[PDB]
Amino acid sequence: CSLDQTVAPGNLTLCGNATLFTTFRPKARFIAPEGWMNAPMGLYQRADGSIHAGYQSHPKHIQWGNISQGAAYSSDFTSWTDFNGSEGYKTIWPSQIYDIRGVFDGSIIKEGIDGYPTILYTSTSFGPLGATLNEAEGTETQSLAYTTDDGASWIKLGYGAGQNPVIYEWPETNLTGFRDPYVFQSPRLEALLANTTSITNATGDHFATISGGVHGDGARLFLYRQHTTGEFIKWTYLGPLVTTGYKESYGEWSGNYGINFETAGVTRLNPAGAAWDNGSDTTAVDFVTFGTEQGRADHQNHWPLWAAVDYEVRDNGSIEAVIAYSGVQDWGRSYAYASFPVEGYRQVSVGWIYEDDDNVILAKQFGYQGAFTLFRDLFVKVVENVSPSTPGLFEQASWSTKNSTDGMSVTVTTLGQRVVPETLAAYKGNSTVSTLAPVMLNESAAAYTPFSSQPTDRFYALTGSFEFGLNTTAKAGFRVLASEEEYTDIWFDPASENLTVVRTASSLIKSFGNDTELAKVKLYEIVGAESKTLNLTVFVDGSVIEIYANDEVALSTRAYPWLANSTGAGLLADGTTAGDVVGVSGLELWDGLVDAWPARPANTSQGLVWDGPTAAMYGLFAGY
């Protein structure tokens, strides 16, 4: 095993465990110290204003198993510190018959048991567990634990009658899944249900959704309501909140609803951020976010979706969330988005970016798998004065349209997403910032034009505004992590409405994924404008490439170039001519970003271990 990045890669499968630990590793984002991670969990803003972030964790392994909550905290979403206790950076782990198979996703009741922050989580035990398997009742239940030390440790309620697990009966037969409890307060839902509380007797101020589905009949989000305020044992099933069909798709802008939901959440937003009104705010919109499985041919069969919904009250005192429009939270290699409330009327969302090594060829050599996305403020994106001649505008796929009285303009409403400002400020302020001169891409434009200032490593941000003609057939974008022999190309093609990441040359190492990523982006044309604009921001962080367009579209992916000099970046141009010109302005390079884990050394591997021959006997975990 040679680690010479000035020559072609050898056979890297001969390299030892964690020998490639630093090679492709993100430095500027949330990531476990080592080993396997997946979904964010247990997210909450603590009493001191800091952010507690949990995550599904399997230390010293590079596949999922014994799944536990790893945790850390931050005052600004950006610079983090690990918890350190008797189980290292873990704070909840399998320990009881009811959760011994895994401590799955859960969410926080901020004022819970004895007034302490309390997690409601999926406690798993033995048996087939999966949407394509024959799961039985009891395998997935929901349990409580609380913290008296602000997340350094958690105390589970006892096992038994009237204690853990607190939710165990399947609300409908033949479930595909029954997990990922999302606890939330909702003045909106309380107001809607207030006239029906005699029917159900459920009058608490917390609601909980549980994600699942029904075999052969599509996904389901089940709604529960806390039976009595201040009491956390009894949760009353109201009914299904979201019901979708078996592999139903709302269309090209909306992914596919698959067969089963995972990590679903419920929020209410307005143009500024989170909305906590009872329905009285006419600018507020109710949203559900959710993962779906088995409705996609690639990306691990997983879509991270969202939908705007209109609530209807059923006669039995439950709520039907009728989907008004439906979109995609991230179009790339990410899943398991969780959102949580933050002071100042914010709702903040974060997901998990998996690797692109699905055959597990270099995972042991990495010594870790997975990272988070960046933390994103959610809000209602409103675009005013939109031209009715915007192509496809009245499909209203992942947006709504409201005509002006005179019919000459349209107001567009959709889900907005933007990186939390704390992170953008910290990134910019800690970076070497190069403000670049605007560039007209015309007949003289090369295919690739390096920026006048270049990155110094694999940790940088790019921004640019691309102005296109209304009838352009030109393509433009950014090339990143680039040398002569390796590069990753981010293209937007207004004629097709497709944002792509072409990865055929991303790496000389052939075992990593190289498929083309694709997102749809609607450029809402403004009344009186003779052009249409794409605002593109790109974060490069080790192997993560995370793309944001117009505070709306997100696409996370992976690139693993071998050569030490595959760090460059610049502009891409295709079919730009004297007549079909792309004007690029607001160009900026931020070189360096932030060291997100200042207390961690460069190599936080502790080695990898094997569970031994019993892993296959138990059949629950891969064992490595």
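Throughout, we count residues from 1 along the sequence that is shown.
As the entry records it, the average C-alpha temperature factor is higher for 439-447, out of 439-447 and 323-331. 399-407 and 126-134 differ in mean CA B-factor, and the higher of the two is recorded for 399-407.
Highest C-alpha temperature factor among 32, 41, 555, 581 per the entry: 581.
Of all the options 374, 313, 362, 119, the entry's greatest CA B-factor is assigned to 313. Residue 575: CA B factor in the highest third of modelled residues in this chain (values from the PDB entry). In the PDB entry, a CA B factor belonging to the highest third of its chain's modelled residues is recorded for residue 510. In the deposited entry, the Cα temperature factor of residue 20 sits in the middle third of values across the chain's modelled residues. Sort the chain's modelled residues by C-alpha temperature factor and residue 276 lands in the highest third, per the entry. When the modelled residues of the chain are ordered by their C-alpha B factor, residue 198 lands in the highest third.
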